[PDB]
Amino acid sequence: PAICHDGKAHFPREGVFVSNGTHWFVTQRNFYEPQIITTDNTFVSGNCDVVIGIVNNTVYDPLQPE
Amino acid sequence: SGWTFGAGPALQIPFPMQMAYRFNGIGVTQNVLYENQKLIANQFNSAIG
Ligand SMILES: *[C@@H]1O[C@H](CO)[C@@H](O[C@@H]2O[C@H](CO)[C@@H](O)[C@H](O)[C@H]2NC(C)=O)[C@H](O)[C@H]1NC(C)=O
Ligand SMILES: *[C@@H]1O[C@H](CO)[C@@H](O[C@@H]2O[C@H](CO)[C@@H](O)[C@H](O)[C@H]2NC(C)=O)[C@H](O)[C@H]1NC(C)=O
């Protein structure tokens, strides 16, 4: 239901998180297309304690490298 | 599966996810349900009882 990068639950702004076994991706509801889980397609709100079923994984910031 | 099975094959999807999707349907966003899942479950069980 959410991804905890650093003590913060990342819910998907549109779509549901999926993983091809090892790597987690965001994809639409009625068509499968994997996209890397960045801060653009996910909105953070929470404390990574209340949500149940949250996996850790990681998110990619498109601004830090630049 | 939620609504999907009313369109084509029954795309399996856990209930928490299905309810978060329903909430996002009415402008509430998934964070509300995933931060209040216990409360929603209690209210639903009480109402159904
Ligand atoms: C899940 O998909 C990812 C791709 O996003 C796989 O990671 C590898 O990504 C590189 C990108 O440079 C590809 O060249 C590789 O072909 C990908 N690996 C494979 C096996 O396709 C990741 O390995 C996939 N995981 C599984 C279990 O298939
Ligand atoms: C996901 O990241 C969390 C972040 O806190 C980590 O949880 C750790 O769990 C152990 C076991 O109880 C504690 O001793 C640590 O204090 C926790 N935090 C850290 C930073 O290690 C852990 O890396 C991951 N947990 C799960 C369930 O995936």
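What counts and what doesn't
Residues numbered from 1 in each chain as written, not as in the entry; some residues may be left out. Chains lettered and ligands numbered in written order. Part of a larger assembly, values for the part shown. Heavy atoms only, no water. Disulfide = S-S within 2.5 Å. Helix = DSSP H or I, 4+ residues; strand = E, 2+ residues; numbered from the N terminus. Contact = heavy atoms within 4.5 Å. Buried area = accessible area lost by both parts, 1.4 Å probe. Salt bridge = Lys/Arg side-chain N within 4 Å of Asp/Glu carboxyl O. Polar contact = N/O pair within 3.5 Å; in protein donor to acceptor, adjacent residues only side chain to side chain. Near = heavy atom within 4 Å. Areas by Shrake-Rupley, 256 points an atom, 1.4 Å probe, with all protein chains shown as cover. Nonpolar A, V, L, I, M, F, W, Y, C, P; charged D, E, K, R; others polar. 1 Å grid on protein atoms, 1.4 Å probe; cavity = no way out; pocket = protein on both sides within 12 Å on 5 of 7 lines; lining within 4 Å. Points joined across faces, edges and corners; volume = space filled by probe spheres on them.

Structure determination for this entry, per the PDB record, employed cryo-EM and reached 3.72 Å resolution.

In the nomenclature of the PDB entry, chain B corresponds to Spike glycoprotein from the organism Severe acute respiratory syndrome coronavirus 2.

In the annotation of the PDB entry, chain A is listed under the name Spike glycoprotein and assigned to Severe acute respiratory syndrome coronavirus 2.

J.: Got a sec to walk through the state of the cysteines? Specific residues and values, please.
T.: All names here are of chain A. Scanning the entire structure with this criterion turns up one disulfide over all chains. Put simply, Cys4 and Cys48 are joined by a disulfide, and their sulfur atoms are 2.0 Å apart. Taking the sign of the S-S torsion, about -135° here, the bridge from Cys4 to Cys48 comes out left-handed. Of the two residues, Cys4 is situated in strand β1 (residues 3-4) and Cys48 in the segment after β5 (42-44); the sequence distance between them amounts to 44 residues.

J.: How would you explain the interface of chain A and chain B if you had to name every residue and give the values?
T.: Contact residues are listed per partner, giving 13 residues for chain A and nine residues for chain B. Carbon and sulfur atoms supply 59% of the area that chain A and chain B bury against each other, a total of about 1,100 Å² over both sides. On the surface where chain A and chain B come into contact, there are zero salt bridges. Our count for the chain A to chain B interface comes out at five residue pairs in polar contact.

J.: Can you tell me about the site of ligand 1, naming the residues and giving the values?
T.: All names here are of chain A. Near ligand 1 the following residues occur: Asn20, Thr22, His23 and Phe25. Measuring from an oxygen atom of ligand 1, one finds a side-chain N or O atom of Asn20 at 2.4 Å. Interatomic distance of 3.1 Å between a side-chain N/O atom of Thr22 and a nitrogen atom of ligand 1. In isolation ligand 1 has 560 Å² of accessible area, and contact with the protein removes 26% of it. For the shell around ligand 1, the residue count by class is one nonpolar, three polar and no charged.

J.: So what's going on with the layout of surface pockets? Which residues, and what values?
T.: For the largest pocket, the calculated volume is near 340 Å³. Lining the largest pocket are 20 residues, and of these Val16 and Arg29 of chain A together with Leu11, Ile13 and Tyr21 of chain B lie nearest its centre. Residue composition of the lining of the largest pocket, by class: 11 nonpolar, eight polar and one charged. Put simply, the second largest pocket is a space of about 190 Å³. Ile52 of chain A together with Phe15, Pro16, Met19, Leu33, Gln37, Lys38, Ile40, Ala41, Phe44 and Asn45 of chain B together form the lining of the second largest pocket. Of all elements in the fold, only α1 (15-25) and α2 (29-48) of chain B reach the threshold of two or more residues within the lining of the second largest pocket. Residue contributions to the lining of the second largest pocket peak at seven residues, all from α2 of chain B. Classifying every residue of the lining of the second largest pocket gives eight nonpolar, two polar and one charged.

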